[PDB]
Ligand SMILES: NC(=O)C1=CN([C@@H]2O[C@H](COP(=O)(O)OP(=O)(O)OC[C@H]3O[C@@H](n4cnc5c(N)ncnc54)[C@H](OP(=O)(O)O)[C@@H]3O)[C@@H](O)[C@H]2O)C=CC1
Ligand SMILES: NC(=O)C1=CN([C@@H]2O[C@H](COP(=O)(O)OP(=O)(O)OC[C@H]3O[C@@H](n4cnc5c(N)ncnc54)[C@H](OP(=O)(O)O)[C@@H]3O)[C@@H](O)[C@H]2O)C=CC1
Ligand SMILES: NC(=O)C1=CN([C@@H]2O[C@H](COP(=O)(O)OP(=O)(O)OC[C@H]3O[C@@H](n4cnc5c(N)ncnc54)[C@H](OP(=O)(O)O)[C@@H]3O)[C@@H](O)[C@H]2O)C=CC1
Ligand SMILES: NC(=O)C1=CN([C@@H]2O[C@H](COP(=O)(O)OP(=O)(O)OC[C@H]3O[C@@H](n4cnc5c(N)ncnc54)[C@H](OP(=O)(O)O)[C@@H]3O)[C@@H](O)[C@H]2O)C=CC1
Ligand SMILES: [K+]
Ligand SMILES: [K+]
Ligand SMILES: [K+]
Ligand SMILES: [K+]
């Protein structure tokens with residue numbers, strides 16, 4: 001497999017590149033940056049190679065500028081982590100829709116691939132990448148409410164005193180304040196947490212608000228999330244690599260699977276495999292959660308229109 | 001961690017010895033068998049060693065007989081996979102086997118006993134009584150194996166990676182299972198809230214699970230790799246103190262409806278101290294009743310093999 | 001990746017199937033046996049599925065007899081473990102088995118043939134000829150396993166992790182082995198330079214490495230976990246195009262001292278396309294002479310089975 | 001296992017915390033920082049936790065400051081990545097004097113709390129490891145640094161990218177100082193176990209150029225990206241794994257010598273060390289060639305001079 005990370009010079013880009021080179025199935029890895037940042041990537045290449053030596057891993061890392069994206073040909077996934085530093092949730096959306104749109108257009112002129120969008124707003128940037136690439140919807144997806152579901156997993160596991168991996172929850176909709184945390188998909192060991200001791204003392208609304216404000220807290224404290232997002236990305240790349248056909252949650256295009264909702268890219272239950280988003284699974288939603296998903300689809304559609312012509 | 005396997009010459013025993021030797025935490029593995037089978041273990045130690053050479057692993061594998069169980073001293077866990085393949094007959098014969106091994110082990114050291122011998126929910130109770138060990142240290146691999154088989158059948162009907170399925174079965178490792186369809190979820194999403202669940206043949210699936218052990222015994226001769234890997238998950242949770250909610254044959258002292266004096270498959274939080282608590286999950290109505298029925302039948306068998 | 005295991009009902013074939021399904025790249029695994037063992041395979045498929053559920057792995061296992069080998073088409077690799085277990094007579098018996106299998110596999114598709122049947126060098130040669138496959142596509146697990154056994158012996162005498170040891174044995178998987186002390190290392194450090202090499206019983210250890218197969222057969226009934234894990238390493242090298250310098254039974258076409266028309270254990274670069282290169286390392290005169298003798302006997306046995 | 005990373009707010013420290021949290025044997029991870037960097041660690045703990053949610057891992061990350069180091073009590077290892085940024089206007093002696101006080105104060109206060117292993121990453125790593133062993137008054141088997149091992153992995157990268165081989169198939173050793181007095185052991189350099197002198201095309205290996213590159217690779221990574229993080233962090237994890245699972249592996253680390261090599265004593269320098277549950281369990285005295293052994297004597301002499309220069313800091 002060959003994966004090209006556009007934005008490898010950044011925080012998430014560099015972490016994703018190192019974790020990706022370690023991945024056994026990743027043979028070739030193309031690190032793409034703006035020409036000015038290319039030296040930062042040279043030092044990433046060296047650093048990653050050193051880690052590969054101390055990880056019993058190997059990869060052909062390959063550092064290029066963004067000038068000619070023909071270096072991404074043969075790549076099965078092009079992870080776009082490139083984003084301007086932040090200026091509202093709409094303003095950065097116009098700047099980053101410019102960036103992601105140009106990257107998707109040029110990538111599509113060069114080859115056919117799966118575009119993994121990490122730039123924020125991730126649902127709007129995934130929609131912009133799909134629009135400008137003219138790629139089929141199975142090929143363009145963004146890491147969205149999955150990172151939120153991982154932060155939720157942490158909160159639940161720490162409260163219930165279990166290995167973080169034993170918790171498995173799902174949050175759909177916008178990677179933002181209009182999240183739709185599915186408490187019916189929240190379980191420790193496959194057992195719904197409502198049926199577990201002390202769920203009555205679980206501060207769910209506090210925990211969900213904290214989950215919503217965790218990205219901001221990490222920006223304010225360290226300067227931005229890097230390892231959490233990067234690990235979440237390696238999961239998706241591994242699913243695509245080994246055709247694992249897994250029910251995951253990704254920002255993908257809806258075309259009537261869930262309540263006839265179309266013309267948007269939002270967090271949805273999807274079956275990921277070698278062909279990207281193979282199907283948007285229409286999981287049965289409670290009435291209150293389905294309403295919240297409709298609302299997040301409304302806000303995301305408004306934002307998507309504000310950058311459709313960018 | 002030092003783990004001793006009693007019955008390593010068997011199907012499950014040899015598979016579990018190879019897998020445990022590969023585990024990084026396992027530093028000392030003590031294989032044990034009847035003297036008449038000790039040579040089969042001497043070969044096993046060799047073959048596993050070569051496997052360790054080709055898996056980047058290392059382990060100090062000692063091979064001994066069951067005549068001096070002092071070799072199990074220092075064993076964090078002792079996995080008893082020893083036993084012969091009439092139900093009350095297998096419970097009585099394997100109860101002599103497991104009870105003797107537990108008594109002798111308890112005279113050597115204070116370890117945790119992982120009973121794999123069948124009837125597992127009864128051999129686990131026999132091990133606990135004949136050891137006098139604290140309840141938290143004796144546990145058995147019961148409904149967990151059945152839950153992995155159910156996991157397979159679901160993951161194939163719904164066309165997902167098996168590991169995206171996560172289910173749970175409680176009660177007896179036997180025809181009185183209590184499968185928790187309310188605790189069956191793909192991606193955390195209950196199957197009841199998933200497309201095509203209507204056409205999921207739950208009843209056929211659970212019946213095939215009930216007899217999958219007998220069908221492997223008929224086709225291959227006995228479950229070897231499935232049971233072994235299931236053992237390694239428990240050994241890992243104990244070694245790394247993962248404090249995970251699993252399902253094991255464990256002693257009940259009233260955590261679930263005052264049910265006591267029974268070792269049965271239950272939700273248990275497992276860590277460095279074996280069974281750390283019997284978590285009383287809120288069961289459904291039909292489920293809790295099939296669980297009291299499984300506790301009833303299992304208590305019958307435990308009585309039938311108490312004077313053994 | 002799709003791999004077919006021809007001979008999966010066997011001891012080695014079953015361990016190889018369980019480990020191959022557990023691998024993340026193996027998406028399809030086609031287990032093939034004679035009709036008389038097809039049921040044994042359908043319980044292996046079940047048993048492995050149960051392990052895959054307990055190993056967070058998944059795969060699509062397909063069980064078929066050897067009657068119609070069209071079930072192997074699409075395989076990147078076909079691992080032939082089918083073979084009468086254990092001299093020249095065994096070569097003839099298994100040359101018929103391997104020759105017919107390679108003939109019918111080559112009539113079904115073009116694939117890589119990983120040959121485990123013994124005499125592995127001779128059987129790899131017979132597979133190459135009877136399939137008319139390219140020489141980069143046919144290879145066997147030969148002296149690599151001897152090197153892993155030498156690895157165990159060295160690591161134990163020197164008190165180091167088994168994986169810290171790295172040695173090379175070339176030539177035949179047998180009594181014409183050519184152990185290369187010049188390549189035996191610990192941490193990359195040649196063992197001669199290490200402390201206490203003067204006390205290492207090299208000749209006794211190599212004699213033991215040669216007879217280790219015979220001893221595992223006498224004590225347990227045949228090697229399975231060692232050879233299976235070794236096979237996994239080779240399959241993984243192909244599946245990830247690791248381009249690792251390994252030792253495998255491969256066809257020589259003059260890379261080493263103009264030695265040709267033989268499939269013998271040699272240093273090769275394994276990758277996506279199989280034997281990408283036979284690397285002619287600098288062998289001492291003594292080692293090279295032993296390699297020439299080994300090649301001689303292997304060619305004698307290869308001629309004795311040239312029409313079988 | 002409980003590992004305390006002092007200096008986790010940095011590049012090496014944060015990378016190492018993330019990897020250690022993922023390690024299955026790490027149950028407690030204590031991240032320590034200056035009081036002005038504690039927020040940078042509370043963001044780190046969160047980020048790593050999210051990573052542990054997406055890596056099927058779990059750990060109890062506790063975030064404290066360097067004021068009270070009674071928080072590291074119970075640690076099997078304390079990895080000190082604390083160090084000053086090497087500004088261009090800083091000599092070797094200047095950074096040695098600056099980081100000798102940092103490492104010495106941390107060693108003294110960590111010893112006042114408990115008895116643990118001190119994994120020194122701060123450069124000059126040999127001199128800092130020596131200062132930490134001295135000011136901790138610990139057993140010499142318990143204090144050890146990451147030195148020529150990283151230079152060895154970089155040599156491995158340069159070898160495996162020249163010979164067209166997987167990186168892990170190359171195994172080489174560099175002993176001596178994590179610096180210009182390095183002693184690369186071409187005797188201990190191999191591919192698949194085959195010494196590389198016995199390999200096709202060793203004639204054209206630019207070994208001397210390669211070694212000068214491996215000697216300046218850290219400086220180049222600093223110039224380009226700002227400092228290595230993943231290389232040293234992964235190497236650190238390898239050492240922690242050998243200690244935790246008692247693998248008894250022959251590694252190369254900065255360790256104290258008490259005569260194992262030609263009566264060379266009173267120096268923490270890069271040497272072959274069998275690492276296990278008890279840190280440096282033996283300094284293995286491998287048979288170095290004459291030129292190699294002279295170069296090692298030289299590296300020891302220079303490192304002893306650096307140590308005398310920071311003996312009273
Ligand atoms: N929803 C999710 O899952 C998450 C999404 N994110 C998003 O991912 C992005 C990456 O953030 P992060 O990497 O942490 O921060 P960085 O700012 O460190 O990454 C910025 C990267 O984007 C590149 N870049 C900046 N401006 C432009 C431009 N005008 N044109 C092209 N490339 C440009 C930078 O190159 P240079 O080196 O020249 O600056 C650098 O490669 C952010 O947009 C962030 O919002 C963040 C966390 C989680
Ligand atoms: N808990 C679970 O989910 C499962 C448990 N099992 C149970 O575990 C046991 C092992 O099954 P399996 O290994 O597959 O079958 P095997 O018969 O292949 O293994 C038998 C093993 O038990 C030992 N053994 C047999 N009889 C005695 C005896 N009288 N005293 C002491 N040791 C003895 C044997 O030693 P020797 O070779 O010397 O006879 C050998 O080690 C069975 O009781 C089986 O029912 C099996 C599968 C599922
Ligand atoms: N070089 C290596 O690394 C090693 C290679 N080996 C070799 O591999 C072979 C298998 O070893 P092992 O599995 O332990 O032996 P087993 O006897 O345990 O299994 C034999 C397997 O070979 C198949 N087989 C036997 N005879 C025939 C035949 N006439 N036609 C087709 N298939 C046949 C069997 O099918 P069925 O089940 O129907 O009988 C079964 O699949 C042996 O030849 C052995 O020498 C073994 C160890 C080390
Ligand atoms: N042994 C090897 O091969 C390698 C060694 N290193 C060495 O390890 C150290 C860390 O490198 P790196 O993390 O990349 O550099 P950074 O500057 O990125 O991080 C420096 C770290 O050291 C801490 N620190 C700085 N000054 C002091 C002080 N006076 N007292 C206590 N803590 C302090 C910082 O905390 P704050 O946030 O307050 O600044 C921060 O945690 C350096 O000394 C470097 O030379 C690095 C790589 C390889
Ligand atoms: K890789
Ligand atoms: K081990
Ligand atoms: K698989
Ligand atoms: K951990």
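Residue numbers (the entry's author numbering), protein chains in the order written: chain A, 1 to 86, 90 to 313; chain D, 1 to 85, 91 to 313; chain C, 1 to 86, 92 to 313; chain B, 1 to 313.
Backbone N, C-alpha and C fix where the C-beta goes; we use that ideal spot for every residue, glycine too.
Reduced DSSP secondary structure (H/G/I, E/B, other) of residue 185 of chain D: Taking the first residue of the second chain as position 1, residue 185 of chain D is located at position 180. Residue 185 of chain D falls in the coil class under three-state DSSP.
Check whether residue 252 of chain D and residue 81 of chain D have beta carbons under 8 Å apart: Position 247 of the second chain, counting from 1, holds the residue named residue 252 of chain D. Position 81 of the second chain, counting from 1, holds the residue named residue 81 of chain D. Contact: no.
Segment contact, 8 Å Cβ cut-off, at least three pairs: the segment 107-127 of chain A with the segment 67-75 of chain A: yes
Beta-carbon gap between residue 133 of chain A and residue 125 of chain A smaller than 8 Å: Along the first chain, one-based indexing puts residue 133 of chain A at 130. Along the first chain, one-based indexing puts residue 125 of chain A at 122. No; because the gap between Cβ atoms is not below 8 Å, this pair is not in contact.
Distance cut-off 7 Å: residue 178 of chain C Cβ against heavy atoms of ligand 3: As a first step, residue 178 of chain C is located in the third chain; it is residue number 173 there, counting from the start. Yes, the Cβ of residue 178 of chain C comes within 7 Å of a heavy atom of ligand 3.
CB contact flag (residue 270 of chain C, residue 178 of chain C, <8 Å): The residue you call residue 270 of chain C lines up with position 265 of the third chain. The residue you call residue 178 of chain C lines up with position 173 of the third chain. Yes, these two residues count as a Cβ contact at 8 Å.
Residue 285 of chain D at chain A interface by Cβ criterion, 8 Å: Taking the first residue of the second chain as 1, we reach residue 285 of chain D at position 280. It does; some Cβ of chain A falls within 8 Å.
Residues that residue 247 of chain C contacts on chain B, provided the C-beta gap is smaller than 7 Å: Numbered from its first residue, the third chain carries residue 247 of chain C at position 242. What residue 247 of chain C touches in chain B: 166.
Touching by the beta-carbon criterion (3+ pairs, under 8 Å), the segment 158-176 of chain A and the segment 265-280 of chain A: yes
DSSP-derived helix/strand/coil call for residue 55 of chain B: Translated into the one-based positions of the fourth chain, residue 55 of chain B becomes position 55. Coil.
Segment limits, alpha helix (DSSP H) that includes residue 211 of chain B: Position 211 of the fourth chain, counting from 1, holds the residue named residue 211 of chain B. Counting along the chain, the alpha helix (DSSP H) containing residue 211 of chain B begins and ends at 207-224.
Identified DSSP bridge partners for residue 282 of chain B: Against the fourth chain, residue 282 of chain B aligns to sequence position 282. Answer is B/274, bridged to residue 282 of chain B.
Per-residue DSSP class, three states only, for residue 141 of chain A: For the purposes of this step, residue 141 of chain A is identified with residue 138 of the first chain, where counting begins at 1. In this structure, residue 141 of chain A counts as coil in the three-state DSSP scheme.
For residue 208 of chain A and residue 200 of chain A, the rounded distance between their alpha carbons: Working through the first chain from its first residue, we reach residue 200 of chain A at position 197. Working through the first chain from its first residue, we reach residue 208 of chain A at position 205. For residue 200 of chain A and residue 208 of chain A, the distance between alpha carbons rounds to 18 Å.
The alpha helix (DSSP H) enclosing residue 92 of chain C, as first and last residue numbers: Stepping through the third chain from its first residue, residue 92 of chain C is reached at position 87. Counting along the chain, residue 92 of chain C falls outside any alpha helix (DSSP H), and DSSP gives it neither H nor E.
3 or more residues per run - each beta strand (DSSP E) lying fully within the segment 99-155 of chain A: 117-120, 143-145
Buried or exposed (CB count within 10 angstroms, at least 16 for buried), residue 90 of chain A: For the purposes of this step, residue 90 of chain A is identified with residue 87 of the first chain, where counting begins at 1. Residue 90 of chain A is exposed by the Cβ-count criterion.
When D/1, D/36, D/219, D/236 are compared against residue 15 of chain D, the one with the closest alpha-carbon: Stepping through the second chain from its first residue, residue 15 of chain D is reached at position 15. Ranking D/1, D/36, D/219, D/236 by Cα distance to residue 15 of chain D puts D/236 first.
Contacts that residue 191 of chain C makes with chain B (C-beta to C-beta distance below 7 Å): The sequence position of residue 191 of chain C within the third chain is 186, counting from 1. The contacting residues are 250.
Listed by chain order, chain D residues near residue 25 of chain B by CB distance under 8 Å: The residue labelled residue 25 of chain B in the question sits at position 25 within the fourth chain. Neighbours of residue 25 of chain B on chain D, chain order: 24, 25, 245.
Buried or exposed (CB count within 10 angstroms, at least 16 for buried), residue 47 of chain A: Reading the first chain from its first residue, position 47 is the one you call residue 47 of chain A. That one is buried.
Closest residue to residue 94 of chain A among A/109, A/211, A/128 (Cα-Cα distance): Translated into positions along the first chain, residue 94 of chain A becomes position 91. Checking every option, the nearest Cα to that of residue 94 of chain A belongs to A/128.
DSSP three-state assignment for residue 264 of chain A, whether helix, strand or coil: By one-based count along the first chain, residue 264 of chain A stands at place 261. It is coil, neither helix nor strand.
Cα-Cα separation, residue 335 of chain B to residue 140 of chain B: Outside the modelled stretch of chain B, which goes from 1 to 313, sits residue 335 of chain B, for which no answer is possible.
Partner residues on chain B for residue 107 of chain A, Cβ-Cβ distance less than 9 Å: Taking the first chain and counting its residues from 1, one reaches residue 107 of chain A at position 104. In chain order: nothing, as chain B lies at least about 25 Å away.
Where residue 148 of chain D meets chain C, residues with beta-carbon distance less than 8 Å: Here residue 148 of chain D refers to the residue found at position 143 of the second chain. Going along chain C, no residue has its Cβ under 8 Å from residue 148 of chain D, so there is no contact; the nearest lies around 13 Å.
Through-space distance from residue 162 of chain C to residue 213 of chain C, alpha-carbon basis: By 1-based counting over the third chain, the position of residue 213 of chain C is 208. By 1-based counting over the third chain, the position of residue 162 of chain C is 157. Near 13 Å, if we compare the C-alpha coordinates of residue 162 of chain C and residue 213 of chain C.
Contact check, residue 231 of chain C vs residue 51 of chain D, beta carbons under 8 Å: Here residue 231 of chain C corresponds to residue number 226 of the third chain, with the count starting at 1. Here residue 51 of chain D corresponds to residue number 51 of the second chain, with the count starting at 1. In this structure, residue 51 of chain D lies closer than 8 Å to residue 231 of chain C by Cβ.
Distance CB(residue 22 of chain C)-CB(residue 31 of chain C) smaller than 8 Å: Position 22 of the third chain, counted from the start, is the residue given in the question as residue 22 of chain C. Position 31 of the third chain, counted from the start, is the residue given in the question as residue 31 of chain C. No, they are not a contact pair.
Three-state secondary structure (DSSP) of residue 161 of chain B: Here residue 161 of chain B refers to the residue found at position 161 of the fourth chain. Coil.
Interface flag, residue 54 of chain B vs chain A, CB-CB below 8 Å: Position 54 of the fourth chain, counted from the first residue, corresponds to residue 54 of chain B. Answer yes: the Cβ-Cβ gap between residue 54 of chain B and chain A drops below 8 Å somewhere.
Per-residue contacts from residue 58 of chain B into chain D (C-beta, under 7 Å): The residue given as residue 58 of chain B occupies position 58 in the fourth chain. Within 7 Å Cβ-Cβ: 247.
CB contact check: residue 199 of chain D to chain A, cutoff 8 Å: On the second chain, position 194 is the one that residue 199 of chain D refers to. Chain A, which has a Cβ nearer than 8 Å to the Cβ of residue 199 of chain D, makes this yes.
Distance, residue 138 of chain D Cα to residue 117 of chain D Cα: Position 112 of the second chain, counting from 1, holds the residue named residue 117 of chain D. Position 133 of the second chain, counting from 1, holds the residue named residue 138 of chain D. Spanning the two alpha carbons is a distance of roughly 8 Å.
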